Amino acid sequence: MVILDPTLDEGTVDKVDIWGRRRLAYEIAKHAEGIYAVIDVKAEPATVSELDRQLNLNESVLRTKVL
Amino acid sequence: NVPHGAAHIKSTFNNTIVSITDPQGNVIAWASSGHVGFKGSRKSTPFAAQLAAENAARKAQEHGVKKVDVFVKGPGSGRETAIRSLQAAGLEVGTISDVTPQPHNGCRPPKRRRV
Amino acid sequence: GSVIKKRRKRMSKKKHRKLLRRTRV
Amino acid sequence: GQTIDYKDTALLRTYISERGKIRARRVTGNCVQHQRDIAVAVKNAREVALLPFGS
Amino acid sequence: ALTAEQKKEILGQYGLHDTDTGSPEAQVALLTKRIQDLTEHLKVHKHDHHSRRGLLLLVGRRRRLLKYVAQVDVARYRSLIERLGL
RNA sequence: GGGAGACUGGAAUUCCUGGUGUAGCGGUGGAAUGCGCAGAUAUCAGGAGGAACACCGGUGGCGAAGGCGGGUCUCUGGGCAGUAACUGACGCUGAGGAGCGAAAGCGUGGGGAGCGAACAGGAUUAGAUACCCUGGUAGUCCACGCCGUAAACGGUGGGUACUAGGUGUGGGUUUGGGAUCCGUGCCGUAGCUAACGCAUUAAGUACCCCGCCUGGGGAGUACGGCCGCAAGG
Ligand SMILES: [Mg+2]
Ligand SMILES: [Mg+2]
Ligand SMILES: [Mg+2]
Ligand SMILES: [Mg+2]
Ligand SMILES: [Mg+2]
Ligand SMILES: [Mg+2]
Ligand SMILES: [Mg+2]
Ligand SMILES: [Mg+2]
Ligand SMILES: [Mg+2]
Ligand SMILES: [Mg+2]
Ligand SMILES: [Mg+2]
Ligand SMILES: [Mg+2]
């Protein structure tokens, strides 16, 4: 199940790509700017449901998406 | 004194309010068309805002604001008359821009008036 | 097409449905 | 392609206006396939906060 | 409807000869597992009305094949029902 | 944009707390009731909460119809084309019957910004139980039931074969162009129609099956019976 997670804050993982630095178009929970970390997973659907529950809560990464 | 500032021209169908301000949003003085004299319909005029925005352009001069950014809110007559009488009184225009709040289908409006 | 037919058929419904508010007991 | 995703902003800056709203198929002359894949990818990139909703 | 590997299991089991597929003894076996999947789906979701329309068309399609098999030969009709259960 | 479930986003409206301010705001054909001088509207901050999802976007798509647009992942139904392997007329319609069926309304319990029937005050007027105006409860929303109606309309039942072409647009497949099967629009010959118009998606030429009609009113009413908690159908 090929799926991609980009993540922003300042079970086989196929790649990791920190782009590192762009400006945000609008300001997100105050702040400005941030990291751009595309995680590029190859994991199954059920686990990745509760990956986001781990990954959302820490606050290390400001926002999540999935593909 | 506010040496550089910002103006907010709300022009409704029934009124115009011109309020000159600093960039932080703390108003110095203001003028409406009803403040000049008028009652009822004559607040809504093309002329209304021309005479009011001179009364808004001064009082800015009392504190001493010599350049002012412009912000047009609302649909209504006297878009030009607010802009031009700010130039004609004093304080030459920095920048002009539309700030009419478009909703991304927000609340539902009132029912259709049929006259 | 023309709405004389339905305006004729309308006034039967109005004057019926007034009774079923009145009778209603 | 010209592959179309929400990653490449240099694509999406073409098909967006300066006031930040999506260009018509009448203006550009895309397929209906591609106007779907652009407008979804803009709406994705709008969540990612690469692009604004209007300047 | 089903996954590609899953479909061959019930197909090869119930099929009269090999590579038969569309024979009505083989064909009802596909519908029965498909209905068994969707009856679990509608236990969860409940107010999925549009998917339930599909379910009735599977059952309506299945009962016409049960009508056909009964008319042709009665031994295969009963052997169909014995194994699956209807 | 076919369905359902969860997570989630920004614009905008209203209200609460502070920052700046002074006396007007709002509304109209013109006004007043109203809100404000105990600091309103305007303007900048952040904050709680609900509902809808601007452009993309339309003679476009999908669905049996009702209908369905924020974004992502689950779990899902149907449709179309293609070579051909397989079963071997299993098809078509469908009285009663059963299931889906906008909006309104109804029962129990939550929620509540903006709208808002009834109701109140202002204006209009000969009168105003109205149009216009300020405020505004049911409601609109959410979850489980309930009725079962709409200009529920293409006012055109479902299936199948044949009968010029001209052009647009959506999904394919095949050999920048020609074919080919499905969709969906606009002109138009023969043909049909009382006429308007339809016209390869028929209202044309035919065959199977169901529904319904037999002057306008009384009336989709009475009475009996069935369904419904009720309104009622
Ligand atoms: Mg083959
Ligand atoms: Mg019947
Ligand atoms: Mg409703
Ligand atoms: Mg209710
Ligand atoms: Mg009202
Ligand atoms: Mg009817
Ligand atoms: Mg309709
Ligand atoms: Mg008729
Ligand atoms: Mg026919
Ligand atoms: Mg024609
Ligand atoms: Mg009756
Ligand atoms: Mg009776």
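## A closer look at the protein's contact with RNA strand F
Here is step 1 of the chain: As a structural note, the neighbourhood of RNA strand F is formed by 84 residues, with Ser32 and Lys43 of chain B together with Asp20, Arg34 and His41 of chain E the closest of them.
Here is step 2 of the chain: The contact atoms of RNA strand F, taken as those within 4 Å of the protein, divide so that sugar and phosphate hold 74%.
Here is step 3 of the chain: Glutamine 33 of chain D places a side-chain nitrogen or oxygen 3.1 Å from a phosphate oxygen of RNA strand F.
Here is step 4 of the chain: When residues of the surface near RNA strand F are assigned to their parent elements, the largest contribution, ten residues, is made by helix α3 (residues 32-48) of chain D.
Here is step 5 of the chain: Of the residues belonging to the surface near RNA strand F, the class tally is 24 nonpolar, 32 polar and 28 charged.

## Here's the deal with the environment of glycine 5 of chain B
All names here are of chain B.
Here is step 1 of the chain: Within the fold, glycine 5 resides in strand β1 (residues 5-11).
Here is step 2 of the chain: In this structure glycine 5 comes out as buried when scored by relative accessible area, which is 5%.
Here is step 3 of the chain: Through-space distance from the C-alpha of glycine 5 to that of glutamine 61 is 12 Å; in sequence the pair is 56 residues apart.
Here is step 4 of the chain: The contact partners of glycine 5, leaving out residues within four places of it in the chain, are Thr21, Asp22, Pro23, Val65, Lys67, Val68 and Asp69.

## Looking at the side chain of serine 32 of chain B
Here is step 1 of the chain: Turning to its location among the elements, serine 32 of chain B is positioned in strand β3 (residues 27-32).
Here is step 2 of the chain: The residues touching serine 32 of chain B, leaving out its near neighbours within four places in the chain, are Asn15, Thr16, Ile17 and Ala52 of chain B.

Thresholds applied
- Positions along each chain are numbered from 1 by the written sequence. They may not match the entry numbering, and residues without coordinates are not shown.
- Numbering of ligands from 1 and lettering of chains from A proceed in the order in which they are written.
- Every figure given here refers to the displayed chains, which form just one part of a larger assembly.
- Only hydrogens and water are set aside when side-chain values are computed; all heavy atoms of the structure are taken into account.
- Residues with missing side-chain atoms are left out of burial classes, side-chain pairs and their counts.
- Neighbouring residues are identified by heavy atoms, a residue being near a molecule or strand if any of them is within 4 Å of it.
- Polar contact is defined as a pair of N or O atoms within 3.5 Å, subject to the rule that within protein one atom must be able to donate a hydrogen and the other to accept it, and that residues adjacent in sequence are counted only when both atoms are side-chain atoms.
- Note on conventions: DSSP H or I runs of at least 4 residues are helices, E runs of at least 2 residues are strands, and numbering of each starts at the N terminus.
- Only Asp, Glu, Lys and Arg are considered charged in this grouping, and only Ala, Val, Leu, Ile, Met, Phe, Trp, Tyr, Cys and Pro are considered nonpolar; every other residue, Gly among them, is considered polar.
- Burial classes: relative accessible area under 20% of the type maximum marks a residue as buried, over 50% as exposed, and values in between as partly exposed (1.4 Å probe, protein chains only).
- The contact criterion used throughout is that any non-hydrogen atoms of two residues lie within 4.5 Å.

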